[PDB]
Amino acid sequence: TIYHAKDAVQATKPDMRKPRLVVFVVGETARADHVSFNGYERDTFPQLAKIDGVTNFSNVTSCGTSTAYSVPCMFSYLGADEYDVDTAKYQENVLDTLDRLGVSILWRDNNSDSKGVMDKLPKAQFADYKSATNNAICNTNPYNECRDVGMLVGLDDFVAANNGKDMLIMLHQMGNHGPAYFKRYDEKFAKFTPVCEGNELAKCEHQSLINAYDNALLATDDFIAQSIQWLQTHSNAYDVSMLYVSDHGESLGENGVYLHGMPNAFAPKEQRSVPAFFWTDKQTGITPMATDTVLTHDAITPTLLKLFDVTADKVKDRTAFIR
């Protein structure tokens, strides 16, 4: 392991103040320009709009355009300019640091896996929610596809087992992951119709493609809102907060480009312009940065450290999502 945060210290501990419980939703394939709050022509995010204390960040750029590239960068100390995907697995990352300081780290996954991020930590702290062995919400659609909302089921038991400790829970979403946007949501979120149902996105009627994509966003709005609602049930005993950031955007036929993964050197804007949301309870003392702060995935690591009152010289000056 190559360390950059051996100086990390927690200024206040959970035995001397309210313990902190945070959910970080690691989003998948969501575009900033398809969010209602960013100026989109459709109400793709209605449930989040009914919750007080949610900050929408209108200017967030992802480290890259693929899950394998972006996800390790999101938890890196190095920042996008110095990040190396091929050696990321051997670097101390922000979750290693928090775990060493006693924060209880949980990673649930309905996407694929942590892309290296969890590899140094006990495997018991990673759980696969793509399979019904763990996910109880798969039989809600004709595909028997495990849903993101299934990752909230049983978190109270996790909280009960970590009673009184600081907790950081990562929920790695399937979210809008393609090309089969139409399989990413249940019938209740099929509001924009008709929808594209083929793997050849270029042959699908363009409007029908956008419709399927936006319906999947409604399913993600629902999931994020339910994550906040779950946190709201522990607001008296814990300082609760929720961070959402998508790993990268998506092309939907602009200049003939579909799906994601374009090399950063010529990646279109829509593959790197991502939504981010931050929610916190009024008691936590956490203050969001301005909604239009120029932000990137580099802000995630300092946000997570600040949420748990942790300092580290490597990201001392780095802009975060919160003050």
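The first residue of the shown sequence is 1; numbering continues from there.
Mean CA B-factor, 208-216 versus 190-198: the higher value falls on 190-198.
Stretches 77-85 and 219-227 differ in mean C-alpha B factor, with the higher average recorded for 77-85.
Annotation for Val94, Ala127, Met118, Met167: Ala127 ranks highest, by Cα B-factor. When the C-alpha B-factors of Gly154, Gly175, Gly102, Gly249 are ranked from the entry, the top spot goes to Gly154. Per the deposited record, the Cα B-factor of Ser241 falls in the lowest third when ranked against the other modelled residues of its chain. Among the modelled residues of the chain, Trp279 sits in the lowest third by CA temperature factor in this PDB entry.
Annotation for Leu259: C-alpha temperature factor in the middle third relative to the rest of the modelled chain, per the entry. Ranked by C-alpha B-factor against the other modelled residues of its chain, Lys203 falls in the highest third.
Annotation for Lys183: C-alpha temperature factor in the lowest third relative to the rest of the modelled chain, per the entry.
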